[PDB]
Amino acid sequence: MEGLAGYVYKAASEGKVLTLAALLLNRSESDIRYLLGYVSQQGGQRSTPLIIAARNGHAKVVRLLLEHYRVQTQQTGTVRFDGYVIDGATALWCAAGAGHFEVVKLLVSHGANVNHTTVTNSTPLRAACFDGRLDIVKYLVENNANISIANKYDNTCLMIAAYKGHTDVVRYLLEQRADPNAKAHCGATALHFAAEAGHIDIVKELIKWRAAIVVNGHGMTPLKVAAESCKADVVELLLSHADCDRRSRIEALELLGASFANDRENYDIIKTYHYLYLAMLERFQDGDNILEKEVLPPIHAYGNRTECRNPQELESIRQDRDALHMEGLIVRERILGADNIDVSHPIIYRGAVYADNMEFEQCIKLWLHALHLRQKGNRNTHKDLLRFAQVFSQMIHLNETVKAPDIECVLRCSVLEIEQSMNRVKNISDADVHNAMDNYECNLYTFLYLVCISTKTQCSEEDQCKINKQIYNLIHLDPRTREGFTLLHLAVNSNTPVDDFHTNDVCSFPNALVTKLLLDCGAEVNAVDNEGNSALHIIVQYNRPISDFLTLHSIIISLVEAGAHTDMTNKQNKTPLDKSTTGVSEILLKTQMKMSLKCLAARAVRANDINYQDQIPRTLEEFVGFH
Amino acid sequence: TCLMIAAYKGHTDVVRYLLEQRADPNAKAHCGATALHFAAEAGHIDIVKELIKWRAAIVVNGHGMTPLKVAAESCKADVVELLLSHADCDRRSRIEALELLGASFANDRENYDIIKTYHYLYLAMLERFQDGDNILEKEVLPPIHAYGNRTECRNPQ
Ligand SMILES: [Zn+2]
Numbered sequence: 001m002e003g004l005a006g007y008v009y010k011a012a013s014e015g016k017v018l019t020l021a022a023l024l025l026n027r028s029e030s031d032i033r034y035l036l037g038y039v040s041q042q043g044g045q046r047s048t049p050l051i052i053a054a055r056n057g058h059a060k061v062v063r064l065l066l067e068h069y070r071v072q073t074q075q076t077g078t079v080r081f082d083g084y085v086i087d088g089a090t091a092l093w094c095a096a097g098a099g100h101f102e103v104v105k106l107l108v109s110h111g112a113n114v115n116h117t118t119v120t121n122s123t124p125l126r127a128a129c130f131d132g133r134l135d136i137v138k139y140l141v142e143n144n145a146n147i148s149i150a151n152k153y154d155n156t157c158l159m160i161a162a163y164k165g166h167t168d169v170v171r172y173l174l175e176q177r178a179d180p181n182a183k184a185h186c187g188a189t190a191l192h193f194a195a196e197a198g199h200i201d202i203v204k205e206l207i208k209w210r211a212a213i214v215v216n217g218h219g220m221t222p223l224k225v226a227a228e229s230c231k232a233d234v235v236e237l238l239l240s241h242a243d244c245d246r247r248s249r250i251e252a253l254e255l256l257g258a259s260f261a262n263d264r265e266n267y268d269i270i271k272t273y274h275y276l277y278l279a280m281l282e283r284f285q286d287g288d289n290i291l292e293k294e295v296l297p298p299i300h301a302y303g304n305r306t307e308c309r310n311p312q313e314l315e316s317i318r319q320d321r322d323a324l325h326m327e328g329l330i331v332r333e334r335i336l337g338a339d340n341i342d343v344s345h346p347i348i349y350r351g352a353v354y355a356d357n358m359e360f361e362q363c364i365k366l367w368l369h370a371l372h373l374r375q376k377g378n379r380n381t382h383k384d385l386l387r388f389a390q391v392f393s394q395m396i397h398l399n400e401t402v403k404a405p406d407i408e409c410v411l412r413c414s415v416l417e418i419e420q421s422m423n424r425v426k427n428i429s430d431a432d433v434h435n436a437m438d439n440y441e442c443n444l445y446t447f448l449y450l451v452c453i454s455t456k457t458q459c460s461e462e463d464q465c466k467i468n469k470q471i472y473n474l475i476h477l478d479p480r481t482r483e484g485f486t487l488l489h490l491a492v493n494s495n496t497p498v499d500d501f502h503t504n505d506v507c508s509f510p511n512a513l514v515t516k517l518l519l520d521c522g523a524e525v526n527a528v529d530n531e532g533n534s535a536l537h538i539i540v541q542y543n544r545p546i547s548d549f550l551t552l553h554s555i556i557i558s559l560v561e562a563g564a565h566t567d568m569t570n571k572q573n574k575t576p577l578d579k580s581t582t583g584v585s586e587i588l589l590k591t592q593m594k595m596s597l598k599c600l601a602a603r604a605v606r607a608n609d610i611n612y613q614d615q616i617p618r619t620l621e622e623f624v625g626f627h
Numbered sequence: 156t157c158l159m160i161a162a163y164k165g166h167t168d169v170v171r172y173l174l175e176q177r178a179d180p181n182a183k184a185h186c187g188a189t190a191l192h193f194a195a196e197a198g199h200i201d202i203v204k205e206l207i208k209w210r211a212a213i214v215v216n217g218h219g220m221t222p223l224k225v226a227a228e229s230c231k232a233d234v235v236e237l238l239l240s241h242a243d244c245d246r247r248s249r250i251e252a253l254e255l256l257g258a259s260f261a262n263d264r265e266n267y268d269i270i271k272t273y274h275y276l277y278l279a280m281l282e283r284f285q286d287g288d289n290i291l292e293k294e295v296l297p298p299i300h301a302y303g304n305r306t307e308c309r310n311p312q
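Residue numbers (the UniProt record's numbering), protein chains in the order written: chain A, 1 to 627; chain B, 156 to 312.
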């Protein structure tokens, strides 16, 4: 029966009245009304024949359905655009999103319900604003569309239209007395959206309506937002339209200069120097009436970090573009503060370019500041910690790493914290965070790479003690992976994701020193994965015995010590001696294997099937289970 | 022939193309060395694997020098791995090759790894006494004053 629904869907997508009529003809009234009510979620989005006709922009099909079949226009579907899914949208919403003017004309002329209840509170006017068609917006608004209707984020149609940057729709909505004073969830105003868009005409139109200057939650006044977005024209327009004190305009000018210097997109130091010099002359313009200048305390990350306050002080800094950039960073960090996370992007970039070729030191300290900032926030830094891993690989390849253990201890604390946080995240839900489970695995890999870095380097015994404190903190809590794998199991298996930036002379699996240090920490040797495979069961399977024979010999002689059972059957009977395939690995085991009567008795009593339940001390039940 | 000299050089693409022409790789020279010997000297594991793929058999030169032994002499472990894996051989030849590899690591200047030599010889000799009550014999040549004591070891102690 659903085949008829698919045929109607295809006919609606085609746009032919003849095919759709023929498919709907020779069917009962109930059948055709069920076809109209049915939604074929081919892409997982509800789309009734009217809804999908509106989305596909076929005027003929929409006209036929509305005129001859009386399909309900109040049907709402969770249509998705560019991956993002709106959880509710009527037929008129899809018509506006399609961008076809005849379809929206017909649907509105057939009494389409513009105001439809929706969990996302989406409206067809918002869809038209997203599409940007002025004519569709006009036709929707004229025929009973409430512009004041906003989504769950309190984002109105006018707000998103100003964000888009289309001057026509903003002008039309302002003509229809659309209120721009509504506040979104963040509380930003329409002036903030216009400054972000960078359209001077939108800002001028908003000023014409006399929109109030309202500071957002994290500061971010419209002049400050425009200065951050490098909208010099918008900043000048706001300063001219709204009177500001000396402090406000001087701060705006210096923020604009520092933003121009710091960002890689602009990358103009002459404009930055000119703006800073102008602002500081404005500080001293009056004469004996000087704006109070504060100096941030010196920080080892920024070096001297002396914020200059006199004209000769910047005059001495005409050259040394690095000094100008770091001073702009100081200015931006002082003005903006650490309240928001917007300053996360520049600092790393300022490190990144600095990280092109040099000792990495103040780059590392800048990234440490970025780490602190991102750890105040609940923002995932697994990509960032990867980047630190490749940077460490770079410096160890350069052989000039001379690494300081304080930084590695700090990043170990951070990675432990994020491990715990994302473990709780998986404790909340699983399906949505499957990619977060992939990041779980990746972060375990990063810790192994950090352990490989620590093994390659060497430092003071107290620093090693702190490293071992952190690794024991990670070990005491028992990490697990899909199908179950301890740290040792990864450390002995062929860990597929070897660092691509540096895969040679660094991070090679089947390592001996890593396993030695992990045993020193005290990981549970007799831990069993799914199917019960022990550590020895995933080291005798090595396929290159004659090469790298030193590694195999060392790992075997290390794991045989620290108490590892010589025989530990698991699921189907597989002794470590049976599973070995090389033909060379058996020798190393049989040299180190130590015999005892317990093992022989257990093998004898399990080979034959004798009852061993409730006739044996409870401890030996597990012993018999092993052998 | 271009085949053996290309194998000596180690250019994988040209050797692969020449083999594609179905040229017989069992050709010989005045020295009697087959392309396997030149590949072993080059040590390209992929070249040797490709040669084995199309049925290149081990052939002994008149003065001994089986390609496996020749590869073992020049301290080329990977070729030894590959040939031992594919080319079936007895206990005696395998242990002889392992001992030769140990000695070559011991004395030569290119690698000069004392521990690798010790461990390889230890493994070979442990393989010698594996069975028990059926022991491969070890023949010791009379001492040479050039080496001083010049007496080999046949007991693990
Ligand atoms: Zn036992």
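Every residue, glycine too, gets a C-beta built ideally from N, C-alpha and C.
- The contact set of B:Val169 on chain A, defined by CB atoms closer than 9 Å, is empty, because the minimum CB distance reaches about 27 Å.
- A Cβ-Cβ distance of about 24 Å is found for the pair B:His241 and A:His553, leaving them out of contact under the 8 Å criterion.
- Taking 9 Å as the upper bound on Cβ-Cβ separation, chain A lies near residues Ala232, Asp233, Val235, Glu236 and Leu239 of the segment 209 to 239 of chain B.
- Between A:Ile202 and A:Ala195, the alpha-carbon positions lie close to 9 Å from each other.
- Contact between the segment 58 to 73 of chain A and the segment 18 to 37 of chain A is present: 3 or more CB-CB pairs across the two stretches fall below 8 Å.
- Exposed is the label assigned to A:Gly287, since fewer than 16 other Cβ atoms lie within 10 Å of its Cβ.
- Residue pairing of A:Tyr84 in beta bridges, as defined by DSSP: A:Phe81.
- Scanning its chain for C-beta atoms nearer than 7 Å, with the 5 sequence neighbours on each side dropped, one finds around A:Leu588 the residues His553 and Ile556, in chain order.
- Selection A:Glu294, A:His166, A:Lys152 and A:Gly111 evaluated against A:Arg133 yields A:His166 as nearest (Cα-Cα).
- Linking B:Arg247 to B:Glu282 through their CA atoms gives a straight-line distance of about 10 Å.
- Not one heavy atom of ligand 1 sits closer than 7 Å to the Cβ of A:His537.
- Of all residues in the segment 270 to 292 of chain B, only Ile270, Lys271, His274, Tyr275, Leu278, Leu281, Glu282 and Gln285 place a beta-carbon less than 8 Å from a beta-carbon of chain A.
- The three-state secondary structure of A:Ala150, taken from DSSP, is strand.
- Comparing alpha carbon positions, the residue from B:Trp209, B:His192 and B:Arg210 closest to B:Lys224 is B:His192.
- In this structure, the alpha-carbon of A:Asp614 lies about 39 Å from that of A:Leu474.
- Within the same chain, no residue comes within 6 Å of B:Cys186 by CB-CB distance, once the 5 residues on both sides are set aside.
- With a threshold of 8 Å between beta carbons, A:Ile556 makes no contact with chain B.
- In the structure shown, A:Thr167 falls within a helical segment according to DSSP collapsed to helix, strand and coil.
- Closer than 7 Å to some heavy atom of ligand 1: that describes the Cβ of A:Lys598.
- Within the DSSP bridge table, the entry for B:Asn216 names B:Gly219 as partners.
- Collapsing the DSSP output to three states places B:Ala227 in a helix.
- The DSSP assignment places no complete beta strand (DSSP E) segment of no fewer than 3 residues inside the UniProt repeat "ANK 7" (483 to 527) of chain A.
- With a cutoff of 8 Å on beta-carbon distance, A:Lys574 and A:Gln541 are scored as not near each other.
- Taking A:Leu448 as the centre and dropping the five residues before and after it, the same chain places the C-beta of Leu487, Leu490, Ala491, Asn495, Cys507 and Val514 closer than 8 Å to its C-beta, in chain order.
- A:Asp82 is classed as exposed because its beta carbon has fewer than 16 other beta carbons within 10 Å across all chains shown.
- Straight across, the Cα-Cα distance linking A:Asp478 with A:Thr78 is about 42 Å.
- Listed in chain order, the alpha helix (DSSP H) elements of length 4 or more contained wholly in the segment 317 to 399 of chain A are 321 to 336, 344 to 354, 361 to 376 and 382 to 398.
- When distances are taken from the beta-carbon of A:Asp406 to the heavy atoms of ligand 1, even the shortest one reaches 7 Å or more.
- At least one beta carbon of chain B lies nearer than 8 Å to the beta carbon of A:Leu550.
- Chain B places no beta carbon closer than 8 Å to that of A:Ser460, leaving this residue out of the contacts.
- Note that the C-beta distance between A:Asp529 and A:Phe485 is below 8 Å.
- A:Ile587 reaches chain B at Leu278, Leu281, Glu282 and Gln285, counting residues in chain order whose Cβ is nearer than 8 Å.
- Around the C-beta of A:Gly351, 16 or more other C-beta atoms lie within 10 Å, and the residue is accordingly described as buried.
- For A:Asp567, the Cβ falls inside the 7 Å cut-off from some heavy atom of ligand 1.
- Chain order gives the chain B residues near A:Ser547 as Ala232, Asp233 and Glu236, where near means a beta carbon separation below 7 Å.
- As DSSP reads the structure, A:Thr76 sits in a beta bridge with A:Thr90.
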